[PDB]
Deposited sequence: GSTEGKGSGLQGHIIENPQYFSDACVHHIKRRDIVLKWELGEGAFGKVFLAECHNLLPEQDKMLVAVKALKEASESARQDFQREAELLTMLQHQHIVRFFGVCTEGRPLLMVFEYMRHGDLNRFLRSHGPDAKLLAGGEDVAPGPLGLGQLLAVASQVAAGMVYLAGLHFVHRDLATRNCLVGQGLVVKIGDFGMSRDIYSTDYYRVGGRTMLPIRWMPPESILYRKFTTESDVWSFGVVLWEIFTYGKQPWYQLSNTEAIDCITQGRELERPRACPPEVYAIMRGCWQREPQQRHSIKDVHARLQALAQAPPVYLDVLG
């Protein structure tokens, strides 16, 4: 069952972003949580109102209700009092993980912080894998950053897709055969790892979309980032086995990252 929010409980304050789908606003929502009379929330308003989109909306709302985890962006409910159709989410003040990485990179984040970021993304992916859920578009741009470096996995909907697919995050079987699995999500996490330790640099930045496709399908691996300890690079490479059956489990990848997250390796980006 999907929770319904009364329109006059939502008070729109500021547009946070926009795409083809519609708009995202910062808002104050009343009668949502008991201790909080007024609390901040992220409101997604959808452009289309037609039944083809309206049924697709409820479908999304249902799935969003069923996904409940610490590192998955919280869905609070819906407002189906005509057009526009509203979707309420928790407020993540720092926005997407890609922009946060670039803006807190060459104060810049430390080894322990980047590992805290990585482990949090792995935790959410473990949750997803457990439900047999395939994200298909895992990347830092789809992760959100809240108060006190709390990282959650979400999903938005520009030059990051070829004709459309985020090829640079995709393994060969997904590029060639269009097959997205739990194993293809592990490959993506490996690329998310590269992105974290490069402070949000685009995978294969020295290459074009078409050139990168040939580079991935031939089995070329992204080089070890300067800020990346070799223990973390081993984790990435394990996510990048040509054979999906030979790629590590996300449960395992998280376990290894969590070990480093609590016991940070004595590493310095300068010496190598």
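- In this chain the deposited sequence has gaps in the coordinates at 1 to 24, 131 to 143, 195 to 200, 207 to 211, listed in sequence order.
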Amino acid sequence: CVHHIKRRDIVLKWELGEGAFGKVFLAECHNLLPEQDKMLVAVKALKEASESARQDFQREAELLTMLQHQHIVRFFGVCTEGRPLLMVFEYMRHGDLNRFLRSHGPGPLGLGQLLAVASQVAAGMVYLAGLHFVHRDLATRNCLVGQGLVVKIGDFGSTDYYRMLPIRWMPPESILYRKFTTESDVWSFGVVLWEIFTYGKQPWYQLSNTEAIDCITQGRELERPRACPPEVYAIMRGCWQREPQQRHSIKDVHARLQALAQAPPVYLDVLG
From here on, numbers count along this sequence of modelled residues.
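For clarity, a rigid core is taken as the largest C-alpha set superposing within 1.5 Å between two forms.
- Relative to the displayed structure, the C-alphas of 81 to 89 lie farther away on average in 9 other deposited structures of this protein than those of the other candidate, with 81 to 89 and 187 to 195 compared after rigid core superposition.
- Root mean square Cα distance to the shown form, taken over structures and residues in 9 other deposited structures of this protein after a core fit, is higher for 12 to 20 when 12 to 20 and 250 to 258 are compared.
- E35, present in the displayed chain, goes without coordinates in a third or more of the other PDB entries compared that cover both sides of it.
- Of the other structures of this protein that model both sides of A49, a third or more give it no coordinates.
- Across the two stretches, 117 to 125 and 78 to 86, the PDB entry reports the greater mean Cα temperature factor for 78 to 86.
- Per-stretch averaging of Cα B factors for 46 to 54 and 62 to 70 places 46 to 54 on top.
- Out of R141, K179, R136, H94, the entry records its largest CA B-factor for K179.
- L165 sits in the highest third of its chain by CA B factor, as recorded in the PDB entry.
- For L101, the recorded CA B-factor ranks within the lowest third of the chain. Only modelled residues enter the ranking.
- In the deposited entry, the Cα temperature factor of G148 sits in the middle third of values across the chain's modelled residues.
- Per the deposited record, the Cα B-factor of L32 falls in the middle third when ranked against the other modelled residues of its chain.
- Remark: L111 belongs to the middle third of its chain, ranked by C-alpha B-factor as recorded.
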